[PDB]
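Worksheet: one structure, shown below.
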Amino acid sequence: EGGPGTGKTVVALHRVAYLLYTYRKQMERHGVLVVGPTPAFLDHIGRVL
Amino acid sequence: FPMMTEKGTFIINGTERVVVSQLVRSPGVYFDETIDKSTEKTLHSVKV
């Protein structure tokens with residue numbers, strides 16, 4: 001939870017990428033669920049993974 | 001009690017017979033992972 005103008009979205013996407021890469025071997029079968037008004041997070045996941 | 005001869009065999013009712021060794025799973029504890037038929041997930045199991 002960052003305030004406005006802090007760009008917490010970029011940090012969140014980087015954190016998601018790092019976590020999904022580190023634990024990829026134990027998450028390629030359980031899958032990942034993205035919840036939100038827009039799929040932008042899913043867009044980044046597809047872009048990098 | 002039937003007795004074994006010097007050749008490693010037995011005699012029963014006049015016929016010569018042999019008892020062959022058997023390969024069996026040992027009484028250990030065994031862990032394994034399998035693929036679920038429905039969801040295709042990985043399922044881990046253990047049996048004693």
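Just so we're on the same page: first chain in the structure tokens is A, next is B, and so on; residues restart at 1 for each chain, and ligands are numbered from 1 in the order they show up.
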
Which residues come within 8 Å of region 24-33 of chain B, counting only C-alpha atoms, excluding same-chain residues fewer than 2 positions away, as a PDB file with N, CA, C and O atoms, in the first residue's frame?
```pdb
ATOM      1  N   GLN B  22      12.169 -65.173  -3.830  1.00  0.00           N
ATOM      2  CA  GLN B  22      11.096 -64.280  -4.250  1.00  0.00           C
ATOM      3  C   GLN B  22      11.493 -62.831  -3.996  1.00  0.00           C
ATOM      4  O   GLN B  22      11.961 -62.495  -2.907  1.00  0.00           O
ATOM      5  N   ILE B  35       0.173 -37.914 -10.931  1.00  0.00           N
ATOM      6  CA  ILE B  35      -0.598 -36.912 -11.655  1.00  0.00           C
ATOM      7  C   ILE B  35      -2.076 -37.240 -11.502  1.00  0.00           C
ATOM      8  O   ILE B  35      -2.505 -38.361 -11.803  1.00  0.00           O
ATOM      9  N   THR B  42      -0.299 -32.237  -9.294  1.00  0.00           N
ATOM     10  CA  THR B  42       0.635 -33.180  -8.690  1.00  0.00           C
ATOM     11  C   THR B  42       0.157 -33.527  -7.284  1.00  0.00           C
ATOM     12  O   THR B  42      -0.084 -32.635  -6.463  1.00  0.00           O
ATOM     13  N   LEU B  43       0.006 -34.822  -7.012  1.00  0.00           N
ATOM     14  CA  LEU B  43      -0.494 -35.318  -5.736  1.00  0.00           C
ATOM     15  C   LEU B  43       0.591 -36.155  -5.078  1.00  0.00           C
ATOM     16  O   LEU B  43       1.069 -37.128  -5.669  1.00  0.00           O
ATOM     17  N   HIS B  44       0.966 -35.788  -3.857  1.00  0.00           N
ATOM     18  CA  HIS B  44       1.994 -36.505  -3.116  1.00  0.00           C
ATOM     19  C   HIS B  44       1.350 -37.410  -2.076  1.00  0.00           C
ATOM     20  O   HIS B  44       0.368 -37.035  -1.430  1.00  0.00           O
ATOM     21  N   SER B  45       1.910 -38.608  -1.917  1.00  0.00           N
ATOM     22  CA  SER B  45       1.341 -39.600  -1.019  1.00  0.00           C
ATOM     23  C   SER B  45       2.459 -40.401  -0.370  1.00  0.00           C
ATOM     24  O   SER B  45       3.582 -40.469  -0.877  1.00  0.00           O
ATOM     25  N   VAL B  46       2.128 -41.008   0.769  1.00  0.00           N
ATOM     26  CA  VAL B  46       3.043 -41.866   1.509  1.00  0.00           C
ATOM     27  C   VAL B  46       2.248 -43.022   2.098  1.00  0.00           C
ATOM     28  O   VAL B  46       1.093 -42.864   2.503  1.00  0.00           O
ATOM     29  N   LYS B  47       2.876 -44.193   2.138  1.00  0.00           N
ATOM     30  CA  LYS B  47       2.285 -45.376   2.745  1.00  0.00           C
ATOM     31  C   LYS B  47       3.339 -46.096   3.572  1.00  0.00           C
ATOM     32  O   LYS B  47       4.485 -46.244   3.139  1.00  0.00           O
ATOM     33  N   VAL B  48       2.947 -46.539   4.762  1.00  0.00           N
ATOM     34  CA  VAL B  48       3.819 -47.297   5.651  1.00  0.00           C
ATOM     35  C   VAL B  48       3.448 -48.767   5.516  1.00  0.00           C
ATOM     36  O   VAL B  48       2.334 -49.169   5.870  1.00  0.00           O
TER      37      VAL B  48
END
```

What residues in chain B lie within 10 Å of chain A, counting only C-alpha atoms, written as a PyMOL selection string?
-> chain B and resi 39-42

Could you dump the residues just selected with N, CA and C atoms as a CSV table (one decimal), in the first residue's frame?
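Below is the file that was written, result_32.csv:
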```csv
chain,number,residue,atom,x,y,z
B,39,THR,N,-7.7,-33.2,-12.5
B,39,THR,CA,-7.2,-31.9,-12.6
B,39,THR,C,-5.8,-31.8,-13.1
B,40,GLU,N,-5.1,-32.9,-13.3
B,40,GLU,CA,-3.7,-33.0,-13.8
B,40,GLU,C,-2.7,-32.4,-12.8
B,41,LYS,N,-3.1,-32.1,-11.6
B,41,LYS,CA,-2.2,-31.6,-10.6
B,41,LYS,C,-1.3,-32.7,-10.1
B,42,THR,N,-0.3,-32.2,-9.3
B,42,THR,CA,0.6,-33.2,-8.7
B,42,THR,C,0.2,-33.5,-7.3
```

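Omitting region 3-6 of chain B and its sequence neighbours fewer than 3 positions away, and counting only C-alpha atoms, the residues within 12 Å are residues 9, 10, 11, 12, 16, 17, 18 and 19 of chain B.
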
Write to file, as a compact mmCIF listing (two decimals), in the first residue's frame, the residues of the selection just made, with N, CA, C and O atoms.
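Writing done, so here's part.txt:
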```
# COMPACT_ATOMS: atom_id res chain seq x y z
N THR B 9 18.52 -78.78 -2.87
CA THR B 9 17.20 -79.18 -3.32
C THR B 9 16.51 -80.01 -2.24
O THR B 9 17.13 -80.43 -1.26
N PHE B 10 15.21 -80.23 -2.43
CA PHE B 10 14.41 -81.05 -1.54
C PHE B 10 13.88 -82.26 -2.30
O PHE B 10 13.83 -82.28 -3.53
N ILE B 11 13.49 -83.29 -1.55
CA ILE B 11 12.85 -84.48 -2.11
C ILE B 11 11.48 -84.63 -1.45
O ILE B 11 11.39 -84.76 -0.23
N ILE B 12 10.43 -84.61 -2.27
CA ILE B 12 9.06 -84.74 -1.80
C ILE B 12 8.39 -85.83 -2.62
O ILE B 12 8.31 -85.73 -3.85
N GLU B 16 12.24 -84.53 -7.04
CA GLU B 16 13.20 -83.52 -6.63
C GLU B 16 12.62 -82.14 -6.93
O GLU B 16 12.18 -81.88 -8.06
N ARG B 17 12.61 -81.27 -5.93
CA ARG B 17 11.96 -79.97 -6.01
C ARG B 17 12.91 -78.88 -5.54
O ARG B 17 13.83 -79.13 -4.75
N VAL B 18 12.67 -77.66 -6.02
CA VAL B 18 13.48 -76.50 -5.69
C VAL B 18 12.56 -75.36 -5.28
O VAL B 18 11.49 -75.17 -5.88
N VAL B 19 12.97 -74.62 -4.26
CA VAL B 19 12.25 -73.43 -3.80
C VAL B 19 13.04 -72.22 -4.26
O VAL B 19 14.18 -72.01 -3.84
```

Test item, helix (DSSP H, G or I) assignment across chain A, answer as a ChimeraX atom specification = /A:8-22,24-26,40-48

Apply DSSP to the structure's backbone, then extract all residues of chain B labelled strand (DSSP E or B) and return them as number ranges by chain.
-> B: 10-12, 15-17, 30-35, 42-47
